[PDB]
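What follows is a short report on a single structure.
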2 protein chains.
Amino acid sequence: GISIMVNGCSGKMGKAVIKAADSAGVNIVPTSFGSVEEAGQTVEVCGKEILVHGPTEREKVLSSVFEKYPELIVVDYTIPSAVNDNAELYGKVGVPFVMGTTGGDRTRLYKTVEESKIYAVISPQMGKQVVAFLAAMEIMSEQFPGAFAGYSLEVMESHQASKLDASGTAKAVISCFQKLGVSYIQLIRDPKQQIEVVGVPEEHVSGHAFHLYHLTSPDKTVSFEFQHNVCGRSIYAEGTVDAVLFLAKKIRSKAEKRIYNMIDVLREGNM
Amino acid sequence: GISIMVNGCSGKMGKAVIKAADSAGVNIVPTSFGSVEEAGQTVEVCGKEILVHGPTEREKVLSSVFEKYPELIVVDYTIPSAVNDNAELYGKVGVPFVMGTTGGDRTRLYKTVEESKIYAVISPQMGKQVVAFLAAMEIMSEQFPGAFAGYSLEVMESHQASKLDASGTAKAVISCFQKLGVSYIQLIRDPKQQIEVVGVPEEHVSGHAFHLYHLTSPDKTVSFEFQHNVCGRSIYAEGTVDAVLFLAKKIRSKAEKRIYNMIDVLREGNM
């Protein structure tokens, strides 16, 4: 009983969102908004045909789609320069949305959405499991400052990982180690990379989007590793879908809180 | 200004504690308690000569050492069958202690120590950084139940890791993944072991005490790893020393709370 509009359906991420939402039984409206260049084009995805509209009378077009689909939630994976415009558009129409798009005037974004009093999930990281790992490290560092005093950190991050703004995420993880007492990045190219585990070489699969955080004790007798590898965009699509389902529950319940993030989603549980 | 008695100084762990405590400038009393077999023997360690006493009039001997060293804290790394006896001995004398010894009647242990109203740190895991990792996972699982619903877990654990009762620790970590929505151990022999990271073999250094927790998404596009390797007993010695320093601060401050664990130590910070 939920329908979504995927703004940015012509991109790799919009496509992945469509697939995931479809697997979860979410209805996909055959309509979208895009740039002037994309206006008029149809997007063939997952058996769906989506008609991309340009900016001519957007507000009115979005409204009519919203009147036909009162259960609508917009998913926004667009471009930095559309973030504020699109949030204002969603605001004027009153339609709830989930925005994974990075960049834009982020302060203006939060201002707009709070002012317009609509329901939204805003999260620059939609890989919910990565967010959960980050939140664990934030909590550990908050509870136990200095627990790793003296340990040395090496951090590795692949090219694909860097680009899909997880340097935001990597930076926040590093802050957690610092607060844990570490004094402290290798951007990596090869599909494998080596570290020293108790004086012994260890080869790590560093293809696709890869992050490795390696801690070593002063006397080199203790090694800790935290690693993740992500291929494609499934994790981000699945988390985006989780945010849609979360936001639908909040709308249905008429919750006082309006603007939400991936921590909020994670606390609700699996849906 | 702190002195310690190392009960179990003839073992590998007592020796490591002595080294660590000495590096931290903690004074080491030239006196200890041991079994009948060890009675009379001198233990040469770290330049120190420690005289091991058997059980003949223990209570009186320990008392005289305590009168000569009012700042004393006993470190207990003995054997399961001495845990309760020794705790009762420390209780009768009134001497504070830090016990890393595993096994014994653990319920009786807590009962005794609470009744005798002495200061103590009791912790079956003294590897403080491992405890911090466990506590992070406990918190993540507590905050975000179901965050990894559907992911599959493989857990590997080496022989040395299993024996130094970190199966307690591994079990508790696994509970955290279950609460995170996972449905769910390979005891490993070889110095290297393979896992599948996005359809690609990854060789892991699995010598000494090794733990690997590997999570995979249903579609196999997401891999997470948490690993630690420990060589020797330095980590446990260093954590034991941290508990001594923690307990000294509590005694000096005259704290109402009497019986403490490694979470308490971790929250205090680096000392």
Side-chain angles (χ1 to χ4, degrees), chain A residues 1-11 13-18 20-35 38-39 42-43 45-79 82-91 93-101 109 112-113 115-123 126 236-255 257-262 264-265 268 271:
Chain A
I2 293 150
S3 299
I4 64 172
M5 176 177 292
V6 185
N7 287 348
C9 62
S10 30
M13 188 62 72
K15 288 181 186 184
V17 169
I18 285 160
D22 197 58
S23 280
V26 173
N27 185 47
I28 311 196
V29 309
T31 305
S32 181
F33 289 93
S35 63
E38 302 166 321
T42 294
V43 173
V45 176
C46 199
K48 311 300 167 72
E49 301 286 20
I50 299 160
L51 179 68
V52 186
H53 294 260
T56 310
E57 295 190 310
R58 275 163 132 224
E59 192 207 309
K60 310 315 185 173
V61 173
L62 186 53
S63 294
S64 62
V65 176
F66 193 34
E67 287 172 22
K68 184 168 173 201
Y69 301 101
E71 75 290 347
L72 182 66
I73 294 162
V74 175
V75 175
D76 192 307
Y77 268 107
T78 60
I79 55 170
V83 167
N84 301 98
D85 276 343
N86 291 8
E88 285 169 18
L89 169 67
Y90 310 143
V93 173
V95 63
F97 70 99
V98 168
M99 181 167 283
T101 313
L109 171 62
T112 292
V113 180
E115 281 175 7
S116 57
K117 304 202 198 314
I118 58 172
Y119 286 100
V121 178
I122 299 173
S123 183
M126 287 284 184
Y236 309 113
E238 293 298 336
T240 302
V241 168
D242 290 343
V244 165
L245 296 176
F246 170 86
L247 199 65
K249 190 181 176 177
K250 297 284 152 176
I251 295 148
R252 281 191 271 109
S253 312
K254 308 195 175 169
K257 185 159 148 67
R258 287 305 213 284
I259 169 156
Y260 292 91
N261 59 48
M262 192 54 81
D264 294 310
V265 176
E268 201 68 14
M271 305 186 68

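Below, chains carry the letters A, B, ... as their sequence lines are ordered, and counting in each starts from 1. These numbers come from the heavy atoms of this one structure, side chains and all, not from hydrogens, waters or symmetry mates.
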Contact check, side chains of [X] and [Y], non-hydrogen atoms, under 4.5 Å:
X        : Y        : answer
A:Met13  : A:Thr240 : no
A:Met5   : A:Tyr69  : no
A:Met262 : A:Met126 : yes
A:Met271 : A:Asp242 : no
A:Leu89  : A:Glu59  : yes
A:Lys249 : A:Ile2   : no
A:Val95  : A:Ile118 : no
A:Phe33  : A:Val61  : yes

Query raised in the report: Should A:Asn7 and A:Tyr90 be marked as a side chain to side chain contact (heavy atoms under 4.5 Å, CB included) after you check the CA-CA gap, both sets of side-chain angles, and the distance that decides it?
Result: CA-CA 11 Å; A:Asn7 287 348; A:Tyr90 310 143; 2.9 Å; yes
Identify the two heavy atoms, one from [X] and one from [Y], that lie closest to each other, and give their separation to 0.1 Å.
X        : Y        : answer
A:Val93  : A:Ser63  : CG2-OG, 3.7 Å
A:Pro96  : A:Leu247 : CB-CD2, 4.0 Å
A:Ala87  : A:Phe97  : CB-CZ, 4.4 Å
A:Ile50  : A:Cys9   : CG2-SG, 4.0 Å
A:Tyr260 : A:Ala255 : OH-CB, 3.5 Å
A:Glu38  : A:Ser10  : OE2-OG, 3.0 Å

Any donor and acceptor pair, going by atom type alone, linking the side chain of [X] with main-chain N or O of [Y] inside 3.5 Å?
X        : Y        : value
A:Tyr236 : A:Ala16  : no
A:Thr101 : A:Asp76  : yes
A:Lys257 : A:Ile259 : yes
A:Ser32  : A:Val6   : yes

Interatomic distance, [X] atom [atom1] to [Y] atom [atom2] [nearest 0.5 angstrom]:
X        : Y        : atom1 : atom2 : result
A:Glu88  : A:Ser116 : CD    : OG    : 9.0 Å
A:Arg258 : A:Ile251 : CZ    : CD1   : 9.5 Å
A:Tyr77  : A:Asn86  : OH    : CG    : 14.5 Å
A:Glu49  : A:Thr31  : CD    : OG1   : 12.5 Å

Report task. Under the side chain to side chain contact (heavy atoms under 4.5 Å, CB included) rule, what do A:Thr112 and A:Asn84 come out as? Steps first, then yes or no, please. Result -> CA-CA 8 Å; A:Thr112 292; A:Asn84 301 98; 5.5 Å; no
Report task. Determine, for A:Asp264 against A:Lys250, whether the closest basic-nitrogen to carboxylate-oxygen distance falls under 4.0 angstrom. Result ->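 No, this pair does not count.
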Query raised in the report: Does a side-chain N-to-carboxylate-O contact under 4.0 Å join A:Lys48 and A:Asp22?
Result: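 Yes.
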**Report entry** CD/A:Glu57: more than 12 non-hydrogen atoms of other groups inside 6.0 Å
**Finding:**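 Not more than 12 within 6.0 Å, no.
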